Structure formats: C-alpha cells, structure tokens
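Listed next as structure tokens is one chain, alone, in the form deposited in one PDB entry.
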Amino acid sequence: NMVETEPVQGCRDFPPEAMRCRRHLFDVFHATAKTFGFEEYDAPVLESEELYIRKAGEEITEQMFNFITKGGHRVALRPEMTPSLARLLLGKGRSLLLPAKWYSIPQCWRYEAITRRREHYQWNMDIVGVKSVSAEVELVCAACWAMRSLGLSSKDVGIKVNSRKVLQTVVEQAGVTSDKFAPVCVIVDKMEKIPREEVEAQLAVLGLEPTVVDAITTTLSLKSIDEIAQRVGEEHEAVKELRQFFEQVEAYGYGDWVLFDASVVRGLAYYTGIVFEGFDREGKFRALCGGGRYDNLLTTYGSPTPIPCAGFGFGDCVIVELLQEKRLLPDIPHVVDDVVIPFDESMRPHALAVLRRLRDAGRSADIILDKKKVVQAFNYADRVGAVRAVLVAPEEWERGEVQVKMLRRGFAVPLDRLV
C-alpha cells in the first residue's frame, strides 16, 4: 500500500527548499516589526465561529473554514487575525496599557466550493489606542519598509490610500441609514474586478436609488484629493486626515511609495477611516497587502469604551510571486560552518569531542554519522556548503592537532586554535 504523498487539498508543504524562502520572508516581517517597535503575539488558529458572524456579505466570512466539534460547538479555522486580536484586547480591558503595537504572522484559512489555495500566512500589524493618522502613517511605512527590505523599490510597488469617510458622507447625505454603509463598502469593493452592471445591481438590492448609486460611482472615480475637497470641502475631516497622512509619509522619506486612489475601499465591514492596499506598479499581481482604521470594532464586541485601532495584513503568497518575477529570491542553499570528519570509526570519539568544541564556540557544525571514505565526507561537506572540513586523523591527534581544509591542500591545527 502507498500513502497519499500530496498534502491535503489547497494546503502547502514546506520542505527545506520552500521553507528557506518562507523563512527569508518571515525574517523580514519580524525584523521590520522590531525596527518599528511592535510586540509579538499569537492566538489559537481555532476560534469560535460566533467571532466572525458579521452579516455584511463579506467574502472572508462567506468562505469560512468551519465545522462542528463532537461537543456540538461551532468553530472555525480563523479566516483572519483581527477578530482574535480584538478578543485579546477586550479580554485585557483597562489593564491594557495604550498605545499598544502588536504583530503576528498567523496562518489563516478559507474554504470554497471551487477546489485555489485554502491557507496562507499573513503578517498582521496593528496599532491600538491611537486616534490620529500617525498610526496609519506608521503602518504604511512599516509595509513599505518590509518590501524595501526584500529588495523592492518604489518603481516596483506602491501603496494606494483612501478614506471611507468621504463615501460615508455621500451615503448618509443621500438618506441611507448608516447600517447600509458597511454592506455598501463590501459591494463597492467588488467594483474593481467585476462588471459595473453586476455591482450596481447589488446596491439596488440593498434598496438604494439610482441617483444615490450615481454619486457613489462618481466619487470612486475622482482622481485627486483636491477634487475630493471640491466635493466635500477642504476641512471635511477626510481631507485634513489624508493631507496629514501624506505629509507625514513624505517627512519619513517614503513619499514615492504612496498615492491617493478614491476607488480603494477594501472588502471588510469594519474599516471606518483610512484604508490602503499595496500593489505592483506593472499591474500584474493581486493586492500585496491591505489594511485600514477600524475604530468601532471593539465597541461592536461589547467594549464599554471605544478603542481606536488600525492595522494591515500582508500575505505570504503574492509577495513571493512578485519577488520571483523580479529575481529577488535567489536560492541560498542550506549551509554550515564546519564538517567534522573522523578518519575512520576508531576516531569517532575524538571527532565528537572536536564537534563539541566547535559548537561550544558558536559554530554550526556537522559530524559524518555513517561509516564512509574521506572523499565521500568531502562530497557531503560540499553538499552542505561548509566553509571548513575538519579531519580528525590518528597522526594529528597524537600531536594534539586536527587537519583543517578551507573549502570557501590542508593544514594541521592545534585543538585550541580551531575556534
């Protein structure tokens, strides 16, 4: 009998070759988070289904990987991290010191009728307790920093930015009760990649008249902040905020990375203010990352006081395709410093003591574990990219030495000199 060697439908294996690629990326996510002063957290991949019941026609909750425990409890593999984060924050209450800057790199999950990936890793960064656009500034700079760290430039990618408050106004001024607003953002998010007829249809389903639909479409196609200003005023808070945002990003030195786009809304119900989305400037890939401000979610979860929040998620799949296309993911193979080679099996104990010493000195080192010829041991050393082979032979050992060969003739060296 033969076991199924392929992973479960829509899930990825990470043998060493693929793991090095993932590690290269996560190392940047971690390093960027540390540079920016964010704290790591984590929570269970398994959460209560109840945590995601938002009733706004979101794709994320529609495609929920859910099931029922033997105990009858309705659960899901998390489709996103933000609800888990909020649960932790709400759990802490007044004991949480603010501001708080928390990051994680959870695997998140989806399930579709179409048998597409069902899992991905998503770097999450969130700032909690900060009212002003400085939070969004910092988050957008963090995302650019990560991409620049990966070797991309502002010629390769950007982050396009908007605020939902502009549309909020239009919807409210058009006589539509604010309860329809989140559903509208969800529908209008689809504007980009499906027919306008199909989107207009969906909005009409919500009970909004053609004239109201009109204003929405128009405001999505406005190309500048000044044209927004003409539409809603120069001190509509949206304008002041976006200007402050762009000014602050410019002062940090990432002005070439960011721009305004009135069509950016995102697909999540809970964004209340600034929203943003990373993209490739060749128009070839899906969104690289996405985020925004969500000031009401915690109130929504039963927080007795409103807690301002903003953040983003940054997936592991699209960024990697982009990097591959741009030839910014060279395979650096697995490597070690030293390979210790017993001359024969009688030298194994001596070679072990040498191994101990090298590792004690902070070196990465292998020892040849099987019985083999010296030449094969050198073949192995080359396979693992050793800087150095350390041959432990009877002759040198009697002199208190080993034979060392730099791989990146051969020379006898006292034990103490090795390290």
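The first residue of the shown sequence is 1; numbering continues from there. Between two forms, the rigid core is defined as the largest C-alpha subset superposing within 1.5 Å.
| field | Missing coords for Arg22 in a third or more of other PDB entries | value | No, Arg22 is modelled in every one of the other compared entries that cover both of its flanks.
| task | Note whether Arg12 lacks coordinates in a third or more of the other compared entries that model its flanking residues. | result | Result for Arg12: never missing in the compared entries.
| task | Check the entry and tell me how many residues of the deposited sequence have no coordinates between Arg408 and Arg409: none, 1 to 3, 4 to 9, or 10 or more. | result | In the deposited sequence, 10 or more residues between these two have no coordinates.
| request: Classify the number of deposited-sequence residues missing from the model between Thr177 and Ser178: none, 1 to 3, 4 to 9, or 10 or more. | output: Unresolved stretch here: none.
| request: State which stretch shows the higher mean Cα B factor in the entry: 193-201 or 266-274. | output: Higher mean C-alpha B-factor in the PDB entry: 193-201.
| message | Tell me which stretch, 351-359 or 24-32, has the higher mean Cα B-factor listed in the entry. | response | Looking at the recorded C-alpha B-factors, 351-359 comes out higher on average.
| message | Checking the record values for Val384, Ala377, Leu391, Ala56, which has the greatest CA B factor? | response | Going by the entry's C-alpha B-factors, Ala56 comes out highest.
| field | Out of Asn162, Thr217, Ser84, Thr300, residue topping the C-alpha B-factor column of the entry | value | Within the set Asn162, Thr217, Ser84, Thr300, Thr217 shows the top C-alpha B-factor.
| field | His120 by Cα B-factor - lowest, middle or highest third of the modelled chain | value | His120: CA B-factor falls in the lowest third of its chain.
| message | When the deposited Cα B-factors of this chain's modelled residues are ordered and cut into thirds, is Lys131 in the lowest, the middle or the highest one? | response | Its C-alpha B-factor, which the entry lists for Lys131, ranks in the middle third among residues of this chain.
| task | Ordered by C-alpha B-factor within the chain, which third holds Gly291? Give me lowest, middle or highest, please. | result | For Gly291, whose C-alpha B-factor we compare with every modelled residue in the chain, the answer is the lowest third.
| query | How does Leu208 rank on Cα B-factor within its chain, lowest, middle or highest third? | reply | Tercile = highest for this residue's CA B-factor.
| request: Within this chain's modelled residues, let me know which third the CA B factor of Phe260 belongs to: lowest, middle or highest. | output: As the PDB entry reports it, the C-alpha B-factor of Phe260 lands in the middle third of its chain.
Omitted from view is the form deposited in another entry, to which the following refers.
| said: I want to make sure I read this right: if the two forms are fitted on their rigid core, which of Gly72, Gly302, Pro210, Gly91 has a C-alpha displacement of 2 angstroms or more between the shown form and the other one? | reply: The one that shifts is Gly72.
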